[PDB]
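Below, each value reflects all heavy atoms present in this structure, side chains not excepted, and no hydrogens, waters or symmetry copies. In what follows, every chain begins at residue 1, and chains take the letters A, B, ... in the order their sequences are listed. Counting starts at 1 for both ligands and their atoms, in listed order.
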2 protein chains.
Amino acid sequence: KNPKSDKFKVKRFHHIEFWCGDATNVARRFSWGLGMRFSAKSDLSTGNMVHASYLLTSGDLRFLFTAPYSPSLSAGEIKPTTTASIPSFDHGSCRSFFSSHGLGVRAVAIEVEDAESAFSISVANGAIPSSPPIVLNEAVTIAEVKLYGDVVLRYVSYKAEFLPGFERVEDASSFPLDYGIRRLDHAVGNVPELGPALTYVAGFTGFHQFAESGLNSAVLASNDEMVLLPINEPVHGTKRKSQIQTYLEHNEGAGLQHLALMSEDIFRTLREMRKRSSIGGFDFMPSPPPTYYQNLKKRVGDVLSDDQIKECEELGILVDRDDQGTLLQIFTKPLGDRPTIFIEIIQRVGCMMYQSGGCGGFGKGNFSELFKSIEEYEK
Amino acid sequence: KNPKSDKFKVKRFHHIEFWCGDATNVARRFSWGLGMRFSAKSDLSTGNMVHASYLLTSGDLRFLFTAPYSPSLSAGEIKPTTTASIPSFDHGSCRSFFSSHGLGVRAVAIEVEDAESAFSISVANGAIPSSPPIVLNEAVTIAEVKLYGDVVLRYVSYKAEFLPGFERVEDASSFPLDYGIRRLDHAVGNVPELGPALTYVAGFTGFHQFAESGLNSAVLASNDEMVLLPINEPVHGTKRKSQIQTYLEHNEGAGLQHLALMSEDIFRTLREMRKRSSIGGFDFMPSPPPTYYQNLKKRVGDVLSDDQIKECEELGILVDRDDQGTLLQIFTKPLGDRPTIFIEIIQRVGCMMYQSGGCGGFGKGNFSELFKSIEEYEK
Ligand SMILES: Cc1c(C(=O)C2=C(O)CCCC2=O)ccc2ncn(-c3ccccc3)c(=O)c12
Ligand SMILES: Cc1c(C(=O)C2=C(O)CCCC2=O)ccc2ncn(-c3ccccc3)c(=O)c12
Ligand SMILES: [Co+2]
Ligand SMILES: [Co+2]
């Protein structure tokens, strides 16, 4: 059931912006760990006296890393005379965000038909404004509303190159890394109370709700279900402490929990990422027991061959299944110091018409199946 | 002339501590870029609710990366009940340092015979105390005095494993990277006024002074000249703006300018580092013109063969010479967002007795020779 109730025309995820203390070191770590190339910059060398911003890309996936310079470099500026390339940026906000939450996502950016219209309609329907629409070089419009915690939903619209004022990066310093990642599949928030968070976001977007161990969750989706925004709340009083509650404690409240990155070839992506885990890249969660992969034959033996299932076992990949499609997924350990944000790598099999959004679900069946494999393997 | 006037027994450089916003991402970037392995940690997994600290090592070189957790995790603690492994750490100080200066060196740590004695004698001779001597697990004593800006000189002494409360890192997650770096050769500060900075530091240590383009400098040295602390001040009114003044502006005042890391094989180190510059590692300053390497034959043709000189040319290595020894050196681009701290890679030839400290000097002749090569090459 898809009522197609979007209150404005939404296209696709556009970019994710991390707020950092040092953008250079985070961007370089992420580039090597994920196989993303440096493609654009806005910093002192481009005339930006306010913030350092570096853009990594892999396919359609765009990760932006931003950190503030000393306010003294721009102390004579006012907003009419700013050298910032992202006019919503504020030194105090960025320092407060990072000191409160540590390294994490500040903005989930979606491309829309008209960012000024999206902003107006959103706030008319309950959105809390964060940054008003600003037109950049008569070419791009950007606006921001609060999503949850200190995370903003950023609207970007183009009349007709990331953003004005960004320069493309010299071909000596943009090595063409590529481990197969191609786009953002979904972006997940953790909140203390799911109900009020859903009502708020579905309230101002018109996004609809998409089709025992820690959490309750629900997924909001755009008209073609290509923008997917799951939200989790903790379940208290359980035997094992809710990882959602641990997040909220270490993050100082609500924020973005994980980014799921679609791979065109999850086996290649995981081979390449795992080669680099101990040499500057990302670590992965502990692999499931072999009983999990023994049990895969009964669950997805019609979708994956034996060789492809044992390849899942080598790489620690999880598998889950909808009534419509199949999902391969795996989770990294937290991206930074705090047990807060992590990354999911995903590939979806089925639902071909192009592939429809959310094919195979989000892997919620893997909570039960992981547990079952734990006990089964223990014997 | 070495008066051997140390007011307490100093051994060697012990470690350098960076204060970070996210220790994980900086440590992983540095590990890959410099070929240092993860060897110790103190963080949530070791019971530290206050700060995340990760130690990288290469030979005798020790780089420590530290960042604060949310104060809420340790809000019930007092100093008598702290879970911090570094008792001098303070959330407010660390956040203030990073917001003021960005990523940079907080502590230059030297091993001494008796850190409590070193502290007492230092402050009796004018040192500004920063953290009093604290004995850790009856095994290690640590104390801190102000060096310049917000950089501290840290004294560490051992009765008889980095620090108590640090755990050695699992052998799955400590890949044995090694590009040839072996120890810290010197650590350099930038100050607004050289005279008062020298008088202060030489005042409380008894370190002695060791043997047209931007700066004045002088070098303070311990008795055996193995702890070497150069200090620079800007020279104003010059044609090209002083890089020392640019540092002071972007850093919000005095601080550590560069760390010089001795390599047992600078050609191997630079081959390995340059292979990684565009895949998460460090960039190097622009190479000198070929006239620089043509002129090397007349200057050091008795020390380096033609093949070894052209190998210097491939890697962009600089060469300078004392009356006593020869120096090979090269400088990275800044380590983070701001044009502040950078790294020097160094190897010294000569002065064998073991090799005496500072053999060949610090390369000050390369200001003139670089310039000369610039004009000569222009024709
Ligand atoms: C994170 C996740 C998902 C997931 O992507 C997800 C969404 O995208 C939206 C709905 C709710 C949700 O959780 C699905 C299944 C999972 N199964 C297990 N674990 C897990 C494994 C090991 C140790 C701790 C935890 C997960 O984190 C996990
Ligand atoms: C940094 C440095 C040193 C150096 O280590 C050093 C000390 O260890 C103590 C004494 C003063 C001093 O500068 C020596 C020679 C150099 N020559 C050139 N440049 C340089 C090249 C290119 C673009 C800007 C600058 C340097 O940075 C440079
Ligand atoms: Co997910
Ligand atoms: Co030097």
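- The nearest protein heavy atom to atom 4 (C) of ligand 2 is closer than 4.0 Å.
- Distance check for atom 18 (C) of ligand 1: a protein heavy atom is found below 4.0 Å.
- Nearest to atom 10 (C) of ligand 1 by heavy-atom distance, out of A:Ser213, A:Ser217, A:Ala187, is A:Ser217.
- Nearest to atom 1 (C) of ligand 2 among the protein's heavy atoms is B:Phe331 CE2, 3.4 Å.
- The N/O atoms of B:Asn366, backbone and side chain alike, include none that comes under 3.5 Å of an N/O atom in ligand 2.
- To the nearest 0.5 Å, the span separating CG on B:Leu315 from CE on B:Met273 amounts to 12.0 Å.
- A distance-only check finds a donor-acceptor pair linking the side chain of A:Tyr293 to the backbone of A:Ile317 [under 3.5 Å].
- Here the CD-CE distance, from A:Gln329 to A:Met262, works out to 12.0 Å after rounding to the nearest 0.5 Å.
- With B:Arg348 contributing its side chain and B:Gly361 its backbone, the two residues share a donor-acceptor pair below 3.5 Å.
- Crowding of B:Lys364 atom NZ: a count of heavy atoms from other residues, nucleotides or ligands under 6.0 Å exceeding 12.
- Every atom of ligand 1 is numbered from 1 in the order shown, and the set under 4.0 Å from a heavy atom of A:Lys364 is 10 (C), 11 (C).
- A:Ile343 CD1 to A:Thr332 OG1: the interatomic distance, rounded to the nearest 0.5 Å, is 5.5 Å.
- Listed by number with element, the atoms of ligand 1 under 4.0 angstrom from any heavy atom of A:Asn232 are 11 (C).
- Ion pair A:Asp224/A:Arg12 flagged as a salt bridge, since at least one NZ, NE, NH1 or NH2 atom sits closer than 4.0 Å to an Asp/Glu carboxylate oxygen.
- Under 4.0 Å from ligand 1, not a single heavy atom of A:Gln257 appears.
- Between the B:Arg321 side chain and the B:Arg299 main chain, a donor and an acceptor come within less than 3.5 Å of each other.
- For atom 15 (C) of ligand 1, a protein non-hydrogen atom is found at a distance below 4.0 Å.
- Among the backbone and side-chain atoms of B:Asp185, no N/O/S atom is found under 2.8 Å from the Co ion (ligand 4).
- Using a distance-only test at 3.5 Å, with no hydrogens or angles considered, a donor-acceptor pair links the side chain of A:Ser222 to the main chain of A:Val227.
- Scanning the protein heavy atoms around atom 13 (O) of ligand 1, the nearest turns out to be A:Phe367 CZ, 3.5 Å.
- Here the straight-line distance linking atom CD of A:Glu344 with atom CE of A:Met285 works out to 11.5 Å at 0.5 Å rounding.
- Under 3.5 Å, the side chains of B:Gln257 and B:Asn232 contain a donor-acceptor pair of N or O atoms.
- Taking the six-membered ring where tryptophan is involved, the planes of B:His258 and B:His186 are perpendicular, since the angle between them exceeds 60° and thus also 30°.
- Some N or O of B:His186 is nearer than 3.5 Å to an N or O of ligand 2, by distance alone.
- From the protein, the heavy atom lying nearest to atom 9 (C) of ligand 1 is A:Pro230 CB, 3.6 Å.
- When the Co ion (ligand 4) is compared with the N/O/S atoms of B:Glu344, atom OE1 turns out nearest.
- Residue-ligand proximity: B:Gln243 is placed with every non-hydrogen atom at 4.0 Å or more from ligand 2.
- Across all non-hydrogen atoms, the minimal contact from B:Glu233 to B:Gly195 is OE1-N, 4.5 Å.
- Counting heavy atoms only, A:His258 comes closest to atom 7 (C) of ligand 1 of the residues A:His258, A:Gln329, A:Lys333.
- Draw a line from the Co ion (ligand 4) to NE2 of B:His186 and another to NE2 of B:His258, and the angle between them is 100° (to 10°).
- In the vicinity of B:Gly363, heavy-atom distances shorter than 4.0 Å reach the ligand 2 atoms 14 (C), 15 (C).
- Proximity annotation for atom 22 (C) of ligand 1: of A:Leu327, A:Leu370, A:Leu259, A:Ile330, A:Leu370 comes nearest, heavy atoms only.
- Under 4.0 Å from ligand 2, not a single heavy atom of B:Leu318 appears.
- When distances from atom 24 (C) of ligand 1 to the protein are checked, no heavy atom turns up under 4.0 Å.
- Heavy-atom contacts of B:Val188 reach the following atoms of ligand 2: 8 (O) (cutoff under 4.0 Å).
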